[PDB]
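Enquirer: One structure is given below, represented as structure tokens, and several questions about it will come after.
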Amino acid sequence: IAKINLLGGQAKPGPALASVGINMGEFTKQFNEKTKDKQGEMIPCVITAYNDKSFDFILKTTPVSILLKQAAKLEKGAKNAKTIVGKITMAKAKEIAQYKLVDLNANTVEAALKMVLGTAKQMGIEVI
Amino acid sequence: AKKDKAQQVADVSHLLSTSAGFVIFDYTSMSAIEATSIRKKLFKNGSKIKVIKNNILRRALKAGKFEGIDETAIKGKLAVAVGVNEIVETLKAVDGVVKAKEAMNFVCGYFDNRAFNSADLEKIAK
Amino acid sequence: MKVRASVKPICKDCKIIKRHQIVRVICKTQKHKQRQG
Amino acid sequence: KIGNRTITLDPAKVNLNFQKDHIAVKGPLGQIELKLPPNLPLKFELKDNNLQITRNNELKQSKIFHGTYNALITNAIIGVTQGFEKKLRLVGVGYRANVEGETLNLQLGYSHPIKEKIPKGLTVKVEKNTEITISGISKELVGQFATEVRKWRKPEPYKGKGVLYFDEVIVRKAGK
Amino acid sequence: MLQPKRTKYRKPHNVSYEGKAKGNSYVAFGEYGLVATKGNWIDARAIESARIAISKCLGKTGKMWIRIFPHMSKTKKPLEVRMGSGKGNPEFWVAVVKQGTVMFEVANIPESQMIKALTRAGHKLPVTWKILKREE
Amino acid sequence: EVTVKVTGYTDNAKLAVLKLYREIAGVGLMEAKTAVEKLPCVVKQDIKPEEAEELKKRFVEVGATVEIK
Amino acid sequence: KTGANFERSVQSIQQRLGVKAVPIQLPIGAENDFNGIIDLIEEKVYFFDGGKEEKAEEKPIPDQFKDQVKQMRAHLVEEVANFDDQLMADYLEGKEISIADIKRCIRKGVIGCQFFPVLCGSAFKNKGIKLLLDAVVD
RNA sequence: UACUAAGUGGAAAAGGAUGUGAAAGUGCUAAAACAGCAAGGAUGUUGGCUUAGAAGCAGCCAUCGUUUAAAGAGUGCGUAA
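Protein chains in written order, with PDB author numbering: chain h, 9 to 136; chain g, 3 to 128; chain 2, 1 to 37; chain e, 3 to 178; chain l, 1 to 136; chain W, 54 to 122; chain 9, 139 to 276.
Next comes the structure, spelled out in structure tokens:
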């Protein structure tokens, strides 16, 4: 089993996903209409390796590992944590942590904020 | 060391005494993903999920004023769902998990200290 | 099965055996094994 | 450890007698014979439902004896009560085998006929032309016999064609 | 490569490396060090090979110090000549080390890469090297 | 999950309903015809509601009694 | 030839291409025991010749493979069931369709590229090519 | 009284080694320590340069956090990632 994260504009791209045993048009249409509200953006998908493989695919909300750049109003995710790239208000960071609290091992907003700080460590900008 | 072992035995024994409900169940190929799923099912719930040392477990249930002195805290990956404080939600969730898989290995314990079979538990909780 | 004069474990498996009182270095791969190294 | 390795005895039919050079093990699967080396500082005492061996001195080689003779006794017991077997998968195109009497002859890659003799206590059976089962009487005999069978041809990293032991895997090498 | 400035005499005694450490008899500037278990002579080429080995395995930082500087020089008598016409022709410079002499010290990128670099340095010289750590 | 099962046919179009059972996933003539010859036969399972909705749409466009969840 | 597995070919054709190729005739033997063909349109035809085809041995269809025919038979007419409704009515009735009728149906299918027949044989053994010529003419 | 396993003795080293034996220590454990085994060995997360992708892990640069008893931007093998 592998992890995948691709554009939400269309599920047609991806030959590895179509070769699992699921019809191309099937997941293409299904994903494109399940993201019809908001598409044309990067979304992380998850699927399993099943034998029948009719449809065992689901999506997840927008990844938050370098997504703080969206909150930081900048791009070009830094390789090294040597200098800071910008500032993010703590209110937005905590609101996003709560927004992703249910997803992960974090059980309170504080633990999700700790994980946000941990993934922001590499970026060079911390929870400020 | 063993002094810390005894101190933790006393602490968990007191916790078991004040939280009269506690049930221990083991399950095969305990995977991390399913452990996370069941733990998230008990969201904001006092019950703890782990595996503790068999020696410290048997010492704790010896000093815990609980049913048995050393009976089943051996021979298997001793999954422990330490029921803490309110254990009705915990009882229902762990029993639903028991029925979810093929069969969960009933190790020991009860919902408030007075052992009855799990078939009786699933019906009294209802 | 190489011949050297200074054996040092290159791969994960570079074990030795003094088999029949003769030292052979063996590896899980057929290349990293040695002889009288 | 193995210096402390208890071997349980089943006196139902498996009975052991000691000659200090010949240990005979009677059981349902015929009889096992162990050639005890001469002048051993190790006493192999049989008792009720258990077998205990102990050195009468303190020597480096005595510990190796303690491990090895315990291992031999365990192998003898398990062989005389259950035996051993191997499954061989002969992966080939025209490769196949068939037995006449005690001579297993082969259809393999040589233009020359292939024949091999089958030792006693090693019962071979060829269900399909490309699969073989070899139920041996001892792990030594069956292992050595399987090595003799495979020594003719072995699978290659470029292509797997030969006598696989049904538990091994190959790697892929580029064949241009 | 590393030679003195001026030589009042170019022709000293042949050389003897006997004796114990007289100067630089210890490590006094690094954190790890290398000691020679036998008195030998280290010429310019081997010294530079060791130095470039240390430089390559040093990474980006790392502090290194040699306890000596190549001072002595050697002479080569002409080949295919009969016995006795003077002394030899001046040749390469060289440094003398005595039995039990600490020659080299390292710091900056600690003991793991320190020992790796020390082995890299010592694998270029005939001396049976010995690794030590400077104690504070 | 929501599935759809075909009940008693309409127009008695054995050929047409056989083609309908074929178009689901590209199944062959033999298995599809054997499935059609049995009046109760599941078309497909483990599918999202939308594609099952189009499946039922074809089934009611052709004409037959339809059983769904 | 070694590696010439009938199942391998009849599965690989559909896996790589999926052209609905219909295997008509069944061989007798696997690369060493190759000794004839189990004809679908007619009765079995044994070929003892290991080369230089001269005679074809007409034999009844082997008993152990009658069902092997029937299933494919129950498919073959079914495979040409995409041409007319009366053929489907006969299939529902179970009534056999004339061999000439189904032969012409397969002819229309192959000329129209609806499907394509598959036959078996060995060039180095020269078995069953007369059947190929008969099919080509028909 | 200790050593030998090489006929060392009975020629040589750069070198390397769970070779043997002894000594000086340093920790845990009979509750059963360690080896092996039955397993798990997880998430934010496919962090970014970039290989007409950075994705755990060609490499390079950072080189954290959450639950857990356990999990390291991972320990490595290995894959086009």
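Think of the CB as a built atom: it goes at the ideal place given N, C-alpha and C, for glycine as much as any other residue.
Return no unless some Cβ of chain g is closer than 9 Å to the Cβ of residue 113 (chain h).
Expert: Looking up residue 113 (chain h) in the first sequence gives position 105. So, interface residue.
Enquirer: Assign residue 117 (chain l) to one of two classes, buried (16 or more other C-beta atoms within 10 Å of its C-beta) or exposed (fewer than that).
Expert: Here residue 117 (chain l) refers to the residue found at position 117 when the fifth sequence is read from its first residue. Buried, because 16 or more other Cβ atoms sit within 10 Å of the Cβ of residue 117 (chain l).
Enquirer: I believe residue 105 (chain l) touches residue 32 (chain l) by the beta-carbon criterion, under 8 Å. Please report the beta-carbon distance rounded to the nearest angstrom.
Expert: Within the fifth sequence, the letter at position 105 stands for residue 105 (chain l). Within the fifth sequence, the letter at position 32 stands for residue 32 (chain l). Contact flag correct, Cβ pair sits at about 7 Å.
Enquirer: Threshold first: 3 residues or longer. Then list the beta strand (DSSP E) segments lying entirely within the segment 28-112 of chain h, N to C.
Expert: Listed in chain order, the complete beta strand (DSSP E) runs (minimum 3 residues) inside the segment 28-112 of chain h are 50-55, 65-67.
Enquirer: With a threshold of 16 other CB atoms inside 10 Å of the CB of residue 63 (chain e), please say whether the residue is buried or exposed.
Expert: Working through the fourth sequence from its first residue, we reach residue 63 (chain e) at position 61. Per the 10 Å Cβ criterion, exposed.
Enquirer: Can you tell me whether residue 45 (chain l) is buried or exposed? The criterion is at least 16 other CB atoms within 10 Å of its CB, across all chains shown.
Expert: In the fifth sequence, the residue the question calls residue 45 (chain l) occupies position 45. Its Cβ having fewer than 16 others within 10 Å, residue 45 (chain l) is exposed.
Enquirer: Using the beta-carbon of each residue, which ones in chain W are nearer than 8 Å to residue 62 (chain h)?
Expert: In the first sequence, residue 62 (chain h) corresponds to position 54, counting from 1. Those within 8 Å of residue 62 (chain h) in chain W are 97, 98, 99, 100.
Enquirer: Output, in chain order, the set of chain 9 residues within a Cβ distance shorter than 7 Å of residue 68 (chain W).
Expert: Reading the sixth sequence from its first residue, position 15 is the one you call residue 68 (chain W). Those are 223, 226, listed as they occur along chain 9.
Enquirer: Which residues, in chain order, does the segment 62-94 of chain W contribute to contact with chain 9 at a C-beta distance below 7 Å?
Expert: Cβ contacts with chain 9: 67, 68, 82, 83, 86.
Enquirer: Quick one: is residue 61 (chain W) buried, meaning 16 or more other Cβ sit within 10 Å of its Cβ, or exposed?
Expert: Stepping through the sixth sequence from its first residue, residue 61 (chain W) is reached at position 8. It counts as exposed.
Enquirer: Pull up the DSSP beta-bridge partners for residue 101 (chain e), would you.
Expert: Counted from its first residue, the fourth sequence places residue 101 (chain e) at position 99. According to DSSP, which records beta bridges pairwise, residue 101 (chain e) is partnered with 106 (chain e).
Enquirer: What does a CB cutoff of less than 7 Å around residue 102 (chain W) pick up in its chain, not counting 5 residues either side in sequence?
Expert: Against the sixth sequence, residue 102 (chain W) aligns to sequence position 49. Contacts found: 55.
Enquirer: At which residues does the alpha helix (DSSP H) containing residue 117 (chain h) begin and terminate?
Expert: Numbered from 1 along the first sequence, position 109 holds the residue referred to as residue 117 (chain h). Per DSSP, residue 117 (chain h) belongs to the alpha helix (DSSP H) from 117-131.
Enquirer: Taking residue 27 (chain g) as the reference, give the member of 114 (chain g), 127 (chain g), 75 (chain g), 115 (chain g) with the closest Cα.
Expert: Against the second sequence, residue 27 (chain g) aligns to sequence position 25. Cα-wise, what sits closest to residue 27 (chain g) is 75 (chain g).
Enquirer: When the Cα of residue 217 (chain e) is compared with those of 107 (chain e), 143 (chain e), 131 (chain e), which residue comes out closest?
Expert: Absent from the model: residue 217 (chain e). The displayed extent of chain e is 3 to 178, so no value can be given.
Enquirer: Three Cβ pairs or more, each shorter than 8 Å: is that satisfied between the segment 37-57 of chain g and the segment 78-91 of chain g?
Expert: Yes, since at least three Cβ pairs between the segment 37-57 of chain g and the segment 78-91 of chain g fall closer than 8 Å, the two stretches touch.
Enquirer: Taking 8 Å as the cut-off, does the segment 58-75 of chain h touch the segment 90-105 of chain W (at least 3 CB pairs, one atom from each stretch)?
Expert: Enough Cβ pairs lie closer than 8 Å, so yes.
Enquirer: For residue 38 (chain g), would you say it is in contact with chain h, using Cβ-to-Cβ distances shorter than 9 Å as the test?
Expert: Locating residue 38 (chain g) in the second sequence gives position 36, where the first residue counts as 1. Yes - at least one Cβ of chain h is within 9 Å of the one on residue 38 (chain g).
Enquirer: Report the partner residues of residue 255 (chain 9) according to the DSSP bridge assignment.
Expert: Taking the first residue of the seventh sequence as position 1, residue 255 (chain 9) is located at position 117. According to DSSP, residue 255 (chain 9) bridges with 160 (chain 9).
Enquirer: Any C-beta of chain W sitting closer than 9 Å to the C-beta of residue 252 (chain 9)?
Expert: The residue given as residue 252 (chain 9) occupies position 114 in the seventh sequence. So, not an interface residue.
Enquirer: Comparing the C-beta of residue 106 (chain W) with each C-beta of chain h, is any distance below 9 Å?
Expert: Taking the first residue of the sixth sequence as position 1, residue 106 (chain W) is located at position 53. Answer no: the Cβ-Cβ gap between residue 106 (chain W) and chain h never drops below 9 Å.
Enquirer: Do residue 136 (chain e) and residue 147 (chain e) have their C-beta atoms closer together than 9 Å?
Expert: In the fourth sequence, residue 136 (chain e) corresponds to position 134, counting from 1. In the fourth sequence, residue 147 (chain e) corresponds to position 145, counting from 1. Cβ atoms of residue 136 (chain e) and residue 147 (chain e): closer than 9 Å.
Enquirer: Does the count of Cβ pairs from the segment 6-13 of chain 2 and the segment 99-110 of chain g closer than 8 Å reach three?
Expert: Contact fails: fewer than three Cβ-Cβ distances are below 8 Å.
Enquirer: Since residue 38 (chain e) and residue 27 (chain e) are thought to touch, with beta carbons under 8 Å apart, how far apart are those beta carbons, to the nearest angstrom?
Expert: Translated into positions along the fourth sequence, residue 38 (chain e) becomes position 36. Translated into positions along the fourth sequence, residue 27 (chain e) becomes position 25. That pair is no contact at about 12 Å.
Enquirer: Distance, Cα to Cα, residue 129 (chain l) vs residue 100 (chain l)?
Expert: Within the fifth sequence, residue 129 (chain l) is the residue found at index 129, counting from 1. Within the fifth sequence, residue 100 (chain l) is the residue found at index 100, counting from 1. Between residue 129 (chain l) and residue 100 (chain l), the C-alpha separation is close to 10 Å.
Enquirer: Would you identify the three-state DSSP class for residue 20 (chain 2), choosing helix, strand or coil?
Expert: Counting from one through the third sequence, the residue named residue 20 (chain 2) turns up at place 20. The answer is helix: DSSP assigns residue 20 (chain 2) an H, G or I state.
Enquirer: Would you mind stating whether residue 96 (chain g) and residue 21 (chain g) have Cβ atoms separated by less than 9 Å?
Expert: Here residue 96 (chain g) refers to the residue found at position 94 of the second sequence. Here residue 21 (chain g) refers to the residue found at position 19 of the second sequence. For residue 96 (chain g) and residue 21 (chain g), no; Cβs fall outside 9 Å.
Enquirer: Any idea if residue 83 (chain l) is buried or exposed, counting beta-carbon neighbours within 10 angstroms, 16 or more meaning buried?
Expert: Your numbering for residue 83 (chain l) matches position 83 in the fifth sequence. By the neighbour-count rule (16 or more Cβ atoms within 10 Å), residue 83 (chain l) is not buried but exposed.
Enquirer: Based on DSSP bridge pairs, tell me the residues matched to residue 93 (chain W).
Expert: As a first step, residue 93 (chain W) is located in the sixth sequence; it is residue number 40 there, counting from the start. BP columns for residue 93 (chain W) are empty, so no partner.
Enquirer: Between residue 46 (chain g) and chain h, is any beta-carbon pair separated by less than 9 Å?
Expert: Position 44 of the second sequence, counted from the start, is the residue given in the question as residue 46 (chain g). With 9 Å as the cut-off, residue 46 (chain g) counts as an interface residue toward chain h.
Enquirer: Which residues does DSSP list as the beta-bridge partners of residue 110 (chain g)?
Expert: For the purposes of this step, residue 110 (chain g) is taken as the residue at position 108 of the second sequence. 26 (chain g).
Enquirer: I'd like to know if the segment 88-103 of chain e and the segment 158-170 of chain e are in contact, where contact means that at least 3 CB-CB pairs between them fall below 8 Å.
Expert: Cβ pair count under 8 Å is three or more, so yes.
Enquirer: Tell me whether residue 120 (chain W) sits in a helix, a strand or coil according to DSSP, three-state version.
Expert: Residue numbering aside, residue 120 (chain W) sits at position 67 when the sixth sequence is read from its first letter. Here residue 120 (chain W) sits in strand by DSSP.
Enquirer: Do residue 265 (chain 9) and residue 175 (chain 9) have their C-beta atoms within less than 9 Å of each other?
Expert: By 1-based counting over the seventh sequence, the position of residue 265 (chain 9) is 127. By 1-based counting over the seventh sequence, the position of residue 175 (chain 9) is 37. Contact: yes.
Enquirer: Can you list, in chain order, the residues of its chain with a C-beta nearer than 6 Å to that of residue 65 (chain h)? Leave out the 5 residues immediately preceding and following it.
Expert: Residue 65 (chain h) sits at position 57 when you count from the first residue of the first sequence. Closer than 6 Å at Cβ, skipping near neighbours: 35, 55.
Enquirer: Could you confirm whether any beta carbon from chain h is found closer than 9 Å to the beta carbon of residue 120 (chain W)?
Expert: Against the sixth sequence, residue 120 (chain W) aligns to sequence position 67. Not one chain h Cβ lies under 9 Å of residue 120 (chain W).
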